[PDB]
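Peer 1: Take a look at the following structure, please.
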Amino acid sequence: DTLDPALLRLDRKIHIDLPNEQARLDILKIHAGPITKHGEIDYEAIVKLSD
Amino acid sequence: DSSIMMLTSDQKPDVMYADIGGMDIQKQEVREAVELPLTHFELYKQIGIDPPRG
Amino acid sequence: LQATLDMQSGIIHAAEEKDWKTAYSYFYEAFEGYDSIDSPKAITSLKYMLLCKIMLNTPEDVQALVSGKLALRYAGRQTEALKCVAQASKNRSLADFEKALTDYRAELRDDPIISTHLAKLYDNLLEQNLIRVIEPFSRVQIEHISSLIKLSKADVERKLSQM
Amino acid sequence: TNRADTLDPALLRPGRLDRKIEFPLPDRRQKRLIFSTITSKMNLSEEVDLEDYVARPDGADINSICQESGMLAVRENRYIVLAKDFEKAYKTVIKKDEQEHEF
Amino acid sequence: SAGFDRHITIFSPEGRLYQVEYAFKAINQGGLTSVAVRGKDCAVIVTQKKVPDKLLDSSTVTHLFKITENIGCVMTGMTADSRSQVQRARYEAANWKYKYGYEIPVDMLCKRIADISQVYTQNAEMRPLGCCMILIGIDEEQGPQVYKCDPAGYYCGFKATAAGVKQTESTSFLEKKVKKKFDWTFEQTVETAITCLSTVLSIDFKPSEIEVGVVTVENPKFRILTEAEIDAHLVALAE
Amino acid sequence: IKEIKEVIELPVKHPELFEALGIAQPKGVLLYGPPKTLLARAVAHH
Amino acid sequence: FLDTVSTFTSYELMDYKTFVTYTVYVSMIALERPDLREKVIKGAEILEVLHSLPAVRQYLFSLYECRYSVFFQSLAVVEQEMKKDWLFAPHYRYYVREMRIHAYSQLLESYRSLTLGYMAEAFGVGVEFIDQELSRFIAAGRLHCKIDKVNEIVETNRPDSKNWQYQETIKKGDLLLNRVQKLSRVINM
Amino acid sequence: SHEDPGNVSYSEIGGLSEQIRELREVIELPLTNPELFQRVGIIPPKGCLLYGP
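Chains as they are written, first to last, in the deposited numbering: chain A, 283 to 291, 295 to 336; chain B, 148 to 201; chain C, 206 to 368; chain D, 311 to 368, 372 to 416; chain E, 6 to 244; chain F, 158 to 192, 196 to 206; chain G, 201 to 389; chain H, 123 to 175.
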């Protein structure tokens, strides 16, 4: 928003949109691949644990 | 030199009148008040107008 | 009243004869000047214009004259004949133009001037046909060089002399 | 530039201003001819509306107009440019608060 | 721009004021959609509810506020402005009934509500009641009416009417739909209202979320539909 | 232009009339105002 | 008279049409074919007015296509005209025969294996006419070319860069050479 | 121009599922080939603008 209008004329303001349930859990997964874990991690628990 | 020295090649964008994105007021104005007056000596004098400037 | 007068100041500029390109820019000012003009007063306002356009051997101002929607903004079949008129103006093929002394005859019916229109076309075409019989070699019989123009001595002689 | 009010204190006076002709926003018939240019920059195969946006208040934007429309047809990966492509270039734009201050 | 930080209701340069055009999206913080349609001798209101809770009731979430026995309305935007505007409307309709001896036409009521909002706008040191109101009613010698009242005090009223969050799209569908000259035989109205909200929001949901308020020149009383007949219309448009 | 004379040619034309006075000559006139270059140049150019 | 933007009408311009007369009676000679078209054709400013005297105008029009029949018609015409026109009585003799020789120059310049009889048609019946004419004209030292009676030749010849463009060299570097020579002789004797 | 650390390809961070293709429609469109814009002709843009927390 700090940019002057004479400059803001950049085809469009592409956005990284807020990761929601699906996206939140996708990234949460990818952050937990190479763990010395087991088939134990409760997914929906962390899902609803999130805002 | 003044670091641009007119660029001396063909910096001419190779454009005609209407090709501009719709500025007919300025288009006509610049066209007939520059390209003719830029070279002329007598039409201005045919009405004693003046040698033009900026 | 003024619109007719500027169409004049172009026609005059082709009759008191300023120049083809001058009168044709005036024909644009006519063309894009036919804003909210009666169709019989505007579709014939483009009739003589597209005639002189096919005449000028070069529309030459395409992307504002024939890229304006006006040539696609008239009702009567007059403008649709003008459509093929402009098609020719683009092409202007001896394989299509001279054949069409009759296909352009209803188009020869509204011709503003009959002293210059196709006259200059065939004038140019003379040397345009002179760079096809003399294109092969420098020296040539003046007969078979003009067997292509089909007249070995009728007018080729004084024409090429003038050249 | 965007401004000229920071000027004309001595440039626009007897002697200096000899042939100064400001060139601001013009009338119309530009937007239409600009379409005819930029819409012809994209494909507009043979039959695609022009006036529906000429008279609709949705030159600098036409650059991004064709950007959106054409490069999404290239997201579609084909030449033929549609009249819907106008709309595709008329929704990602300065449409903040459509379409009348209402008062 | 500002610059002036638009804190009070004054005129800014070139040339607008920013308080009312900030109030025009106090509707948009409601998160809600309303559609009104007038085709023929009927008039239909449709508006959904956003109830995520099972502990929350369902009767007292109603936005359709029966103003008088022949005049209904629906509200969007923030709730307090809406309810206070509704009691002002009821009070002024009762004032009409006391002063002039007969039932108020829906035009004068919208004029009076708009004037109240303009007086709240003209004088400063009061918040300009950021809610939008759509009215319906039947009048003799004019048929049914649909009107809209702005927070600015700009009333208008027209055939197919929509205000809330997503109603640029709703008016786009209503331009693409009220252009064909067919009649609107009351199930045409109910079907077009349900399907216009069903294409704007694209949900295609239970009969328990939307509220339908109708008025018809056969029973000029304002009438709110029941779950059974709402379900009947919804499966009647289910092909 | 008359003032130009009075204040410029007085340091020029007749020094024998205010050296007879004995008091110093003037230096500056601040020929300011609405922008003067042209004529202020072309006049004493004579 | 190249102004044509400053001699519209004046107490000095007895008639702007007579201005056109004086102008053409020097422009059909001064104006070579390029200058011809430049001032007459291109310079349509005089055309908007010379629209009033189409005789010599159409003469000039033929003066490009080189139509020698009408050349001779209008040649007789303008001959009588100058014969009956001011400030020309004791001098108008050359102008017409000059037009003749000049036109014949280009006409022969067309090509060589050509005949005067083929042009006698354009000459009218101009076999004997041009016989004595061009006899006395080449006798007047004009228009290097070749023509016969028993053969009736035509020619394209006389290139300056054959010897003359190299003959002027001594023509002047001997004229002036001896000029300065005798001039630099009396400096001592 | 030289600090650039090589890392994962374009499937790590989520939420940009539809953005992955959006970014590619301008991110490899001229990179892969501009010759498409000889059939079409459209002049290439320069970029776009992002935002977010």
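In this text, a Cβ means the ideal position worked out from N, Cα and C, and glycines have one as well.
My guess is that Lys258/C and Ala291/C are in contact by the Cβ rule of under 8 Å, so how many angstroms apart are they, rounded?
Peer 2: For the purposes of this step, residue 258/C is taken as the residue at position 53 of the third sequence. For the purposes of this step, residue 291/C is taken as the residue at position 86 of the third sequence. At roughly 6 Å, the Cβ-Cβ gap stays under 8 Å, so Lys258/C and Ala291/C are in contact.
Peer 1: Applying a beta-carbon distance threshold of less than 8 Å, which residues of chain B neighbour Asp318/D?
Peer 2: The sequence position of residue 318/D within the fourth sequence is 8, counting from 1. In chain order: nothing, as chain B lies at least about 12 Å away.
Peer 1: Roughly how many angstroms lie between the CA atoms of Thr204/G and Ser214/C, to the nearest whole one?
Peer 2: Numbered from 1 along the seventh sequence, position 4 holds the residue referred to as residue 204/G. Numbered from 1 along the third sequence, position 9 holds the residue referred to as residue 214/C. Their Cα atoms are separated by approximately 21 Å.
Peer 1: Mind checking which residues open and close the beta strand (DSSP E) that includes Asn224/E?
Peer 2: Within the fifth sequence, the letter at position 219 stands for residue 224/E. Start and end: 224-229.
Peer 1: Can you tell me whether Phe178/E is buried or exposed, with buried defined as 16 or more other CB within 10 angstroms of its CB?
Peer 2: The count along the fifth sequence starts at 1 and reaches residue 178/E at position 173. By the neighbour-count rule (16 or more Cβ atoms within 10 Å), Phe178/E is buried.
Peer 1: I'd like the list of long-range same chain contacts for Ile215/E, defined as Cβ closer than 6 Å, with 5 residues on each side in sequence excluded.
Peer 2: In the fifth sequence, the residue the question calls residue 215/E occupies position 210. So the qualifying residues of the chain are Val51, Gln53.
Peer 1: Taking the alpha carbon of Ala288/A as the point to measure from, which residue in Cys379/D, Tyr392/D, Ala373/D, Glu413/D has its own alpha carbon closest?
Peer 2: Here residue 288/A is taken as the residue at index 6 of the first sequence, counted from 1. Checked all of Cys379/D, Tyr392/D, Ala373/D, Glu413/D; the closest Cα to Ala288/A is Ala373/D.
Peer 1: Measure from the C-beta of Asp302/A to each C-beta in chain H and report whether the shortest distance is under 8 Å.
Peer 2: Sequence index remark: in the first sequence, residue 302/A carries index 17 (1-based). Closer than 8 Å: yes.
Peer 1: One question on the structure: do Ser274/G and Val296/G come within less than 8 Å of each other, judged by their Cβ atoms?
Peer 2: Here the question's residue 274/G lines up with position 74 in the seventh sequence. Here the question's residue 296/G lines up with position 96 in the seventh sequence. No.
Peer 1: Which of the three DSSP states, helix, strand or coil, is assigned to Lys59/E?
Peer 2: Indexing the fifth sequence from 1 puts residue 59/E at position 54. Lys59/E: coil per DSSP, three-state reduction.
Peer 1: Hey, quick one: how far does the alpha helix (DSSP H) through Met113/E stretch, first residue to last?
Peer 2: To locate residue 113/E, count along the fifth sequence from 1; it is residue 108. Run containing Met113/E: 111-127, per the alpha helix (DSSP H) assignment.
Peer 1: Check for me: the alpha helix (DSSP H) holding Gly215/C runs from which residue to which?
Peer 2: Against the third sequence, residue 215/C aligns to sequence position 10. First-last of the alpha helix (DSSP H) with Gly215/C: 207-217.
Peer 1: Buried or exposed for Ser64/E, please, with buried defined as at least 16 other CB atoms from any protein chain shown within 10 angstroms of its CB.
Peer 2: Taking the fifth sequence and counting its residues from 1, the one referred to as residue 64/E is at position 59. Burial call: exposed.
Peer 1: Is the Cβ of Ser310/G closer than 8 Å to any Cβ of chain C?
Peer 2: On the seventh sequence, residue 310/G is found 110 positions in, with the first residue counted as 1. Yes, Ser310/G lies at the interface with chain C (some Cβ there is under 8 Å from its Cβ).
Peer 1: What do you reckon, are the CB atoms on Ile235/E and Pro212/E nearer than 8 Å?
Peer 2: Sequence index remark: in the fifth sequence, residue 235/E carries index 230 (1-based). Sequence index remark: in the fifth sequence, residue 212/E carries index 207 (1-based). Yes, the Cβ-Cβ distance between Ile235/E and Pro212/E is below 8 Å.
Peer 1: Assuming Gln193/B is part of the alpha helix (DSSP H), what are its boundary residues?
Peer 2: Indexing the second sequence from 1 puts residue 193/B at position 46. 190-193 is the extent of the alpha helix (DSSP H) around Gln193/B.
Peer 1: Looking at the C-beta of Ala324/C, does it have a partner C-beta in chain B at a distance below 8 Å?
Peer 2: The residue labelled residue 324/C in the question sits at position 119 within the third sequence. No, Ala324/C lies away from the interface with chain B (no Cβ there is under 8 Å from its Cβ).
Peer 1: Taking DSSP's pairing of strands, which residues face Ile32/E in a bridge?
Peer 2: Sequence index remark: in the fifth sequence, residue 32/E carries index 27 (1-based). In DSSP, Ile32/E forms no bridge with anything.
Peer 1: By a C-beta neighbour count over all protein chains shown, 10 Å radius and 16 as the cutoff for buried, is residue 294/A buried or exposed?
Peer 2: Placed between 291 and 295 in the numbering, residue 294/A has no coordinates, as chain A goes from one to the other without interruption by modelled residues.
Peer 1: For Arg323/D, which residues in chain F fall below 7 Å Cβ to Cβ?
Peer 2: Numbered from 1 along the fourth sequence, position 13 holds the residue referred to as residue 323/D. Result: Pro192.
Peer 1: For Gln172/E, is the classification buried or exposed, using 16 other Cβ atoms within 10 angstroms of its Cβ as the cut-off for buried?
Peer 2: Sequence index remark: in the fifth sequence, residue 172/E carries index 167 (1-based). It counts as buried.
Peer 1: Among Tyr164/B, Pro160/B, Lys159/B, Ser156/B, which one has its Cα closest to the Cα of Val267/C?
Peer 2: The count along the third sequence starts at 1 and reaches residue 267/C at position 62. For the residues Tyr164/B, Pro160/B, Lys159/B, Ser156/B, the minimum Cα distance to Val267/C belongs to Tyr164/B.
Peer 1: Would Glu265/G count as contacting chain C if we go by Cβ distances under 8 Å?
Peer 2: Counting from one through the seventh sequence, the residue named residue 265/G turns up at place 65. It does; some Cβ of chain C falls within 8 Å.
Peer 1: Less than 7 Å between C-beta atoms, sequence neighbours within five positions excluded: which residues of the same chain meet that for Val394/D?
Peer 2: Your numbering for residue 394/D matches position 81 in the fourth sequence. Only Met352, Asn353, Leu354, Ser355, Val358, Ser382, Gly383, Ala386 meet the Cβ criterion.
Peer 1: Confirm, please, whether the CB-CB distance from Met170/B to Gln412/D is below 8 Å.
Peer 2: As a first step, residue 412/D is located in the fourth sequence; it is residue number 99 there, counting from the start. As a first step, residue 170/B is located in the second sequence; it is residue number 23 there, counting from the start. No.
Peer 1: Of all the options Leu326/C, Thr321/C, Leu356/C, which has the alpha carbon lying nearest to the alpha carbon of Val338/C?
Peer 2: Start at 1 with the first residue of the third sequence, and residue 338/C comes out as number 133. Closest by alpha carbon: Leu356/C.
Peer 1: Please identify the residue among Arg342/D, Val406/D, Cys379/D whose C-alpha is closest to the C-alpha of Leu360/D.
Peer 2: Looking up residue 360/D in the fourth sequence gives position 50. Cα-wise, what sits closest to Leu360/D is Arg342/D.
Peer 1: For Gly317/G, name the three-state secondary structure that DSSP assigns.
Peer 2: Sequence index remark: in the seventh sequence, residue 317/G carries index 117 (1-based). Correct three-state label for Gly317/G: helix.
Peer 1: In terms of residue numbering, what span does the beta strand (DSSP E) encompassing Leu140/E cover?
Peer 2: Along the fifth sequence, read from residue 1 onward, the residue named residue 140/E stands at position 135. Start and end: 138-144.
Peer 1: Under 8 Å between the Cβ atoms of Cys137/E and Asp120/E?
Peer 2: By one-based count along the fifth sequence, residue 137/E stands at place 132. By one-based count along the fifth sequence, residue 120/E stands at place 115. No, they are not a contact pair.
Peer 1: Measure the beta-carbon distance from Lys333/A to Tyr173/H and round it to whole angstroms, keeping in mind my assumption that it falls under 8 Å.
Peer 2: For this step, residue 333/A is matched to residue 48 along the first sequence. For this step, residue 173/H is matched to residue 51 along the eighth sequence. Contact doesn't hold; Cβ gap of about 28 Å is too wide.
Peer 1: Using the three-state DSSP reduction, which class does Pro152/H fall into: helix, strand or coil?
Peer 2: Taking the eighth sequence and counting its residues from 1, one reaches residue 152/H at position 30. DSSP places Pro152/H in helix when its eight states are reduced to three.
Peer 1: Closest Cβ-Cβ distance between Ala286/C and chain B: below 8 Å?
Peer 2: Counting from 1 along the third sequence, the entry for residue 286/C is found at position 81. Cβ-Cβ to chain B under 8 Å: no for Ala286/C.
Peer 1: Within 10 angstroms of its Cβ, does residue 253/E collect 16 or more other Cβ (buried), or is it exposed?
Peer 2: Missing from the structure shown is residue 253/E; chain E here goes from 6 to 244 and no further.
Peer 1: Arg178/B: beta carbon under 7 Å from a heavy atom of the ligand SAH?
Peer 2: Here there are no bound small molecules, and the ligand SAH is not part of this structure.
Peer 1: So with CB distances below 7 Å, who are the chain A contacts of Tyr173/H?
Peer 2: Start at 1 with the first residue of the eighth sequence, and residue 173/H comes out as number 51. By Cβ distance, chain A contributes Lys298, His300.
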